[PDB]
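To begin, one chain is listed below as structure tokens, in the form deposited in one PDB entry.
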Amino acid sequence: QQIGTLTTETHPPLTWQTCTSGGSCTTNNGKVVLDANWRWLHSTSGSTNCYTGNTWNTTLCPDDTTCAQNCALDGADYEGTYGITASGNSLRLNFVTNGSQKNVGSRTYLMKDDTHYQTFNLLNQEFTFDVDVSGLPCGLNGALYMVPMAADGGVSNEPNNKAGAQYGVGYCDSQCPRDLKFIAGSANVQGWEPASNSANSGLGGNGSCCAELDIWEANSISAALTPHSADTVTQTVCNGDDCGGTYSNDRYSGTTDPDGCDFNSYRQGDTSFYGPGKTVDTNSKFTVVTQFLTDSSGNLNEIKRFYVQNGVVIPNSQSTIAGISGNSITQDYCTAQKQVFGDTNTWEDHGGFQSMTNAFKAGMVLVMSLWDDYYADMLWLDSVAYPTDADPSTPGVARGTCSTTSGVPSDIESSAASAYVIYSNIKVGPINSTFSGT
């Protein structure tokens, strides 16, 4: 994709901290950038759209290469169009913005400078942030996560990609998404079909695969921490159903792990721990600490989670499911959880902890998003039962308190139009350097 010249692109400033063993902390001047899919995409020779709603202009985009030559991503009005506001160390994302037209959700990335994403290697470190999920009801997901996107957005070896990280180009994840307009320096017009339900989306012939660390997927009801492995941790292109992932007819047939090794306190049997008025009280802001412990070789062997609220350090809840113990993500936990729940261990199949180690060594980009779910209504995160016809007595079926009929986008895009998430006070450093409390 090309650089559009009709609207200035100014990345909202966002500060975040680096801490050392001490724990003294200093402030980094980061910037955030909107993902390329949300942008106006128009001809390089004027204002004619290359894509509108769910449909490509086939004169501008007769094939994937020509489309990339002809089409430019332009600047974004972060607050006015997308409901994205950055102030100091806080980033607020609104679910619905009624601008000149309606916008639903957003996905953003943390930038080092105007043309490069910040990258992270969290091995033997922790990543910490504050979040307010009080405005997120059933069906919403404020996701803060990491994927090994190219720091430059792919421009170095993609001649038809001039827009790069400056315009939020280069996304990939463990679902191998085919709804992306640009993948690896080419458009995705070939094979495009508009979505059956969403007016804003569709699926092209190709998907964008990579490893994925879901540090945080949550609303006010439930939260999940989920690493996902991949054969190749950085971006690869896939085609059609062979992609695997959410919008494939053969979910597990691809080169990535679309399920991950998840820890949701509620799904792991503790329904008193996370939610409204619970131990981690989602009515108010809290701190989320995620630690990435290594073995003697420097390979990831454990992900620990702590919360801090009202000045109290709260260890992650113990899994209470018979056969699945502990309160952290380890190989023992992942093996046990998949065996006991009767889920395919695609996490292990695509390299598990070694894959995530390799993802960190490649360099992870921080993603902050807010979305609803046109595939499964977020029921996998927050439903009394997922699948909806499964027995709630069966371990692993219950994930939250939301009804099986909750979270339908056409419903919640009206009823939850006030929804929002605020991520703030990001801190990164050695283990135990980013937080304190009793």
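Shifts are known only where both forms have a C-alpha. In this text, rigid core is short for the largest set of C-alphas that superpose within 1.5 Å between two forms. Residue numbers here begin at 1 and follow the sequence given.
Per the compared records, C172 is resolved in all of the other entries whose models span it, so no third of them omit it.
Coverage remark for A199: absent from the model in at least one third of the other entries compared whose chains are built on both sides. Of the two segments, 404-412 and 29-37, the one listed with the higher mean B-factor is 404-412 (C-alpha atoms only). A summary of the deposited B-factors shows that, of 104-112 and 234-242, the stretch with the larger mean C-alpha value is 234-242. Of the candidates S208, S248, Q268, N94, the PDB record gives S248 the highest C-alpha temperature factor. Note on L381, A385, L370, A68: the highest value goes to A385, judged by CA B factor as recorded. When the modelled residues of the chain are ordered by C-alpha B-factor, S196 sits in the highest third. In the deposited entry, the Cα temperature factor of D343 sits in the top third of values across the chain's modelled residues. Ranked by Cα temperature factor within the chain, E212 sits in the lowest third according to the deposited record. Per-chain ranking of the deposited C-alpha B factor places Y78 in the middle third.
In this PDB entry, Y252 carries a Cα temperature factor that places it within the highest third of its chain's modelled residues.
Keep in mind that the form deposited in another entry is missing from the display, and what follows is about it.
Of the residues checked (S100, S156, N197, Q339), the rigid-core alignment between the shown form and the other one shows a Cα shift of at least 2 Å for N197 alone.
Shown here is a form in which the CA atoms of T55 and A199 lie at least 3 Å closer together than they do in the other entry. In the other entry, the separation between the C-alpha atoms of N200 and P177 shrinks by 3 Å or more relative to the displayed form. By the rule of 2 Å per CA over three or more consecutive residues, the rigid core superposition between the shown form and the other one yields shifted runs at 21-23, 196-201.
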